[PDB]
Amino acid sequence: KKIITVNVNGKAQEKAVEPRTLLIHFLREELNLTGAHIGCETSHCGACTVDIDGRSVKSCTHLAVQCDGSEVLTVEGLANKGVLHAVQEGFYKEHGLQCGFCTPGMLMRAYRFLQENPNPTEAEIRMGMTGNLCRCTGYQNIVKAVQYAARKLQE
Amino acid sequence: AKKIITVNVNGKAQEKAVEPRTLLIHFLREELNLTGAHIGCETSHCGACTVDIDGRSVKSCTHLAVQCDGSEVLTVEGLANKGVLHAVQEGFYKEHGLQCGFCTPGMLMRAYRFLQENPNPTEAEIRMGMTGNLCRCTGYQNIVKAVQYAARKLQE
Amino acid sequence: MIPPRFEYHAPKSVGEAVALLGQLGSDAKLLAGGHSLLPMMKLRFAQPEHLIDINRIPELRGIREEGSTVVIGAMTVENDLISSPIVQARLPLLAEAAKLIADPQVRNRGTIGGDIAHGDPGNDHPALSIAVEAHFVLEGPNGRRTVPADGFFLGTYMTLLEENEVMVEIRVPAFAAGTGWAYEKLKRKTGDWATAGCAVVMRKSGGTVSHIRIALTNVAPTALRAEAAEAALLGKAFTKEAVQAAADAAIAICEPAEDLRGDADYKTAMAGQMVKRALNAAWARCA
Amino acid sequence: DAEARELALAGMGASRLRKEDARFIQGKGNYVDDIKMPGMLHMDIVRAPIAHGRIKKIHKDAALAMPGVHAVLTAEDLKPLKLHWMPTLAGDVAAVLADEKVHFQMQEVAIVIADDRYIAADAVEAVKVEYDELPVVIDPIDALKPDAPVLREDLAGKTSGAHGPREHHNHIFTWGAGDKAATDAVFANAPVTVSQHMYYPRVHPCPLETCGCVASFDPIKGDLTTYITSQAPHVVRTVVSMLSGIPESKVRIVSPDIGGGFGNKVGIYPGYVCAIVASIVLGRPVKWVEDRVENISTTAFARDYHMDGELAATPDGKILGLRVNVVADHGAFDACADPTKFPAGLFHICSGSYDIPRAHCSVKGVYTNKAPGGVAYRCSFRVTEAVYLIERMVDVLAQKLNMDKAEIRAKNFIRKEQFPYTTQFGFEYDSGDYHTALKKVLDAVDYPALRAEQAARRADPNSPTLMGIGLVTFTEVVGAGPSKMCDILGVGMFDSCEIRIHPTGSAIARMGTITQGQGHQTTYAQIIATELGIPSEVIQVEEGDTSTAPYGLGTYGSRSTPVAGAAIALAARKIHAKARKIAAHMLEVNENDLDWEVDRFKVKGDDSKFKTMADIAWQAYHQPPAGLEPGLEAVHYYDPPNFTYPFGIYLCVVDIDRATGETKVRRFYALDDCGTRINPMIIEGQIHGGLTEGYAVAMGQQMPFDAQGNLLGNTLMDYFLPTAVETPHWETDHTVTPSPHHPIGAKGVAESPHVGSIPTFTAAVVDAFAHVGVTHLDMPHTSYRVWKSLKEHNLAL
Amino acid sequence: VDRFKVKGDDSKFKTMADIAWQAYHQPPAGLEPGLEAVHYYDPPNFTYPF
Amino acid sequence: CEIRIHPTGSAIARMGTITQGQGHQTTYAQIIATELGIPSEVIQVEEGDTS
Ligand SMILES: Cc1cc2nc3c(=O)[nH]c(=O)nc-3n(C[C@H](O)[C@H](O)[C@H](O)COP(=O)(O)OP(=O)(O)OC[C@H]3O[C@@H](n4cnc5c(N)ncnc54)[C@H](O)[C@@H]3O)c2cc1C
Ligand SMILES: Nc1ccn([C@@H]2O[C@H](COP(=O)(O)OP(=O)(O)O)[C@@H](O)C2O)c(=O)n1
Ligand code: FES
Ligand code: FES
Ligand code: FES
Ligand code: FES
């Protein structure tokens, strides 16, 4: 076991972790940040997507031990003092979620994608969200949610 | 500064670090979630917090956790064995020795030890041997019947 | 989902990493982006007892220019390849083709070096590295050696890389002014490995092909250079007939594996089609 | 102002935002794997590496000695409790843990209980099992051959099952509906005839959240609590009680937030039983959560129908008869979700949207070395197959007559005035207006212009692409209910709703259903809002907890709006009737002298004199008018008089790359009519999702098995799931033809997009090859398969 | 005690268990499925123990 | 009081009262047992939760 210190949602977390522990299990089992989900074992779905050191990463294909000294953000940390983040508001307003299983990952991806590309086209949105699968929405509303968030971020 | 200690509760080692002022009752309830033992006063009268420490009945609200490093603590959650109720638990159930059940855990732990100190107690001895435990619901009558029941079961 | 137990190591230098590889032997594996290695470990395909993480070694990072050679750190992440102003100006093919690799999240971890070192016929960089005539710098206990992309791939999951070596950087000559290029990739969906793919780099002189490099993805146990196909074009006028001949020559060297992406019949025919589309798109980009 | 008050309610018809979004967008949803209980252990399953064979020996010692491992159970540990086999909704029995042999690859052989999922996984690898491989049965046809191996050795000697007599050891049943004699007669004298064979490939619902549960038996209290991914918690409770011996009132099943169902989470899987047994044995909580590969490989699959459709007609295109024969592959055990009396579901709905005078169908169930299932993917109990068949056949008949595919449909449609229409199979379609909807769709896409573009492209033999136009006009049948004909394990297919108004005007409502993301917490509240004049925002709805919610049959087959929607309205209306009675007492007038206006009872004539629902609620708790009991609440169990028949008209235009076999959906127009609409926004989401499932199934999904019975492509590596890039932009439209018998005229709609889209895609792909004589092409229409057909009909390159 | 029997014929009876199942299985015409009730009691007078 | 009889015969009962040790979970069950012919052991009574 290696002792690490990861900054999760703005707070330092000094923990002892087994090297094989996937970041997704560390987030869900150790910190109880159960927003992030698991939809596959092949790294396709992206329901485990979290923001690590400025980038969108699928936490099921990253080790917690690798986050020693890293800056990690989850969906629980998106809202600011209770006020929803643009992306959270966008998915709500544009009905971008149903069962809500892929939502945390979608929000974390959109949160980063919008900083990568502030004024994306529909094609750019769809392509920029390719690492996230959804079984309920058909993606169409998710596109509108991202567009909605983009308009408010430049407001 | 918190002190690292290991307390044996119900045969299981409990490794914790607590401030010296931590009363045993809060250690059992707050640190171990063994919420059977209860708090009914701040003057050491009720006995709702009674647990068995190193072979003696003790009011955990008037004892420090830090004084139990290596001790053998018995709580109500540990009376039953393999699911089978201890004679004392069976006694309180069969004789209706409890209503709200707040003094019960303490009564049981006390009865458990009293019955070893005195296997064949008379009524007077039971009432006297159970004086450290207060009860607001029962009136004590069914409790002495419960202890008499447990006494008999232990001898057969 | 659950990978087996292993010991973890995180060296800060290539030398320490190389030392660890020697000390621990074959039971150790270099961990890079982890997007091929971890998935395999999570399915119990590979069970190394030691993982040597190389993400904390700064000398394996960075993109620079040394003369007419673009030096790319083995640990360069796919997205950094896409956003790199150097790669966009000097090697436009790599910047655009990297977009066809996996998805955004995977591209934030998967590195060009790991994509190459993995040696999967399904990966894109192997063919790409051949079309651009790249070279790989490998460091071991004895020092450094440089091997060509063309000759690096030996078999499925097998390359010239030795068990005590670490690929340090990918060196590729900058595109000469007016170089045409292309990478046609037939895939079932975005983020999936190619059913068939073709990388092309070419130069023009009048109505003829003055320079030509053709490589094939996922149509054999390894990525392939198609020299016979190249020969159907070099010094000849760029015509429909010549392009068709190149495809046939490329088709002739295919040895596709049959799986859910299709049979040998389909993959081979798709390789030819991608060659035809690649050459045409490359010619269009020439000047 | 009265209009303003109605708007303020956010009830029927409003596109209000969802009440359930708050928690989900902040990661505060409560799914099964999010649950952690004191002393909770984790369970993992040892699965069969082969498709068929006897179990020689199971080695438990290496796993048992492994630190962290508490138990390793096998079928032997289940026999005393008679739980090594469990009953199914199809009247058959499925193995909980393989006993003498394994019937399909990935089948549950043993379980392990450890401190966590990591150690648990190591324990499964430590458990070694020896097998004696036996010949495998993959093709339904080979299964019926005289020398076919005996799969179900447990059924040896039996000549009858739960669905009639059995003609072979691998034969599960044979079911039929319609007039065979009359239909055979029609076909014999019909001037025009067509027959086509088509395979509806086995696919998987693959919900993003897999199946799982946290079973917890408390030896002290003597009761069981199981948090589970179940689409029917109440019946699960009844079944669990029966098999465990634990009285039903001491069994509590709770479906929390579920990450999608789509019919995949309707049944009881062996993992649940084992978790329960393990929890009961160890005396503490046990968690089981399957991985993606386990979900695709062992939970309920869909389709897998081999169909032989026939259509009799006259030269002008009027359909005279319909004859269909089917071979159904149900896997090793028949656990196909269905009402007890329908082993092939409502397949006899295959008469479609057409007035066909005579028809007959016959479905033959067959056992194979595969995982059980059959009904589980927005299919409404085999309606997906029925619609695909009829629509495919109509196209075949259209092409033979050289008649336009829309024209032949308009000519055969059941006319608006014919409803309620009784079909050849016995169904009484509630209502419809197909003609108006069809013209609406054709006009919006400029259908004639489309055919001209297609004709112009076909004329050029060099056109790099092929243009295809698919059109489907379908009728659904949802709201599985009439207890006389529909029942799950003996329980009538009704549903319920309990609504309770509080002293201050707000309310709490519970139903026997269970949403999985379809929005019941919003929509259900909207129904009650309009019925009682209480804003939907403060009508708190809950489902899934068998210990608090009224008994129901859960949600699948789009039965919620039809069945629960009716119970909600009726329970609300019971409250409204009492409220009127109370309002009369307060206003010192007679009930008949009152008028309900949005949220208040006002005296006829004098508007100033009125009493709001808030006023009435308070009075109910203050002092009840003589004759009435205090309080304001109601309960209602609705046994539906008939199903609901929503319809649709979908059109799709595709362009096929002749050089690669790639198919690009250029356009898709979907028109659905589900009667009265509760929330247009929520309806639009269901359509988008279902059409997407349709695209996935028709263009990519499949579950192939090799000669040895190994499942291929059982992970996201190959199992097709479209991303935002592959998913096309959907265009939606609608009409409103209310269900006359329904309390609010609303019909189900969630499964319509799935059912209808699949044949629309095939219609478009086949239509692209139609000019060279192609009548049908089996799904999936992957580029590999379309290219294969492109080369066969000389259209490649 | 726990069953409804036919007057003059003990052999013909139905226990509460039989009735309960019947309630969920097939409700008699004019009856909703299920078997439950609620009651809000407003007492007519107090009780006077001694 | 609200009583719900389950398909198998057992039942769940909830009242608007709240015991503090006087034995409601037992006595209430006894009243219902005699009225319906269902043993008191399987008539689970509960109180105190406004929801
Ligand atoms: C869902 C998904 C889709 C993908 N799609 C594609 C695709 O379409 N096209 C494609 O090309 N790839 C694809 N990939 C793979 C990513 O492209 C592979 O991520 C990366 O192949 C293996 O690179 P890595 O940096 O992750 O390294 P790792 O996973 O660590 O693997 C590195 C392998 O090479 C060795 N290695 C790594 N770095 C070095 C080094 N510096 N020196 C020596 N040896 C080294 C390791 O020991 C190991 O054997 C996909 C991956 C996923 C999960
Ligand atoms: N006429 C209709 C039918 C459904 N719906 C809504 O769509 C969602 C799915 O409804 P449904 O009855 O078809 O399916 P399930 O909810 O049974 O999956 C439920 O929230 C709805 O209330 C609607 O608003 N109007
Ligand atoms: S769990 Fe599917 S990509 Fe991480
Ligand atoms: S909302 Fe259910 S998978 Fe996305
Ligand atoms: S709490 Fe009263 S004696 Fe301990
Ligand atoms: S039973 Fe209530 S104080 Fe003893």
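Residue numbering: from 1, along the chain as shown.
So this one's X-ray crystallography, 2.3 Å, going by the header.
Note: Cβ is positioned from N, Cα and C throughout, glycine not excepted.
According to Swiss-Prot, the protein carries these features:
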type: BINDING; residues: C:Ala32, C:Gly33, C:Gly34, C:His35, C:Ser36, C:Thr111, C:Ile112, C:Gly113, C:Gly114, C:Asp115; note: FAD binding site
Enumerate the residues of the same chain, C:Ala32, C:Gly33, C:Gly34, C:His35, C:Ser36, C:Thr111, C:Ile112, C:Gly113, C:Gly114, C:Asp115 excluded, that satisfy the criterion Cβ within 8 A of the mean position of the Cβ atoms of the recorded FAD site; list them in sequence order.
C:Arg109, C:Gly110, C:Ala117, C:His118
Among all protein chains shown, how many Cβ atoms are found within 10 Å of the Cβ of C:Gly114 (FAD binding site), not counting that one?
25
Near chain F, which of the binding-site residues C:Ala32, C:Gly34, C:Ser36, C:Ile112 can you find when the cut-off is a Cβ distance under 8 Å?
none
Please work out which residue of C:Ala32, C:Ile112 has the most C-beta neighbours within 10 angstroms of its C-beta, and give that one of the binding-site residues.
C:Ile112
Using a Cβ-Cβ cut-off below 8 Å, which of the binding-site residues C:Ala32, C:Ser36, C:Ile112, C:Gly114 are near chain D?
none
Interface-proximal binding-site residues, chain A, C-beta separation under 8 A, candidates C:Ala32, C:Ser36, C:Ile112, C:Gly114:
none
Look up C:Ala32 (FAD binding site) in the DSSP assignment and reduce it to helix, strand or coil.
coil
Recorded FAD site residues C:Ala32, C:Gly33, C:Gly34, C:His35, C:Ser36, C:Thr111, C:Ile112, C:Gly113, C:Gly114, C:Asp115, farthest C-alpha pair in Å
12
Hey, what's the Cβ neighbour count for C:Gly34 (FAD binding site) at 10 Å?
21
Members of the binding-site residues set C:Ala32, C:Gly34, C:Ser36, C:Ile112, C:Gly114 whose C-beta sits under 8 angstroms from chain E
none
Other C-beta atoms that fall within 10 angstroms of the C-beta of C:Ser36 (FAD binding site):
22
Name the secondary structure element type, per DSSP in three states, that contains C:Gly114 (FAD binding site).
helix
Kindly point out which of the binding-site residues C:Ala32, C:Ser36, C:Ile112 have a C-beta less than 6 Å from some atom of ligand 1.
C:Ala32, C:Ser36
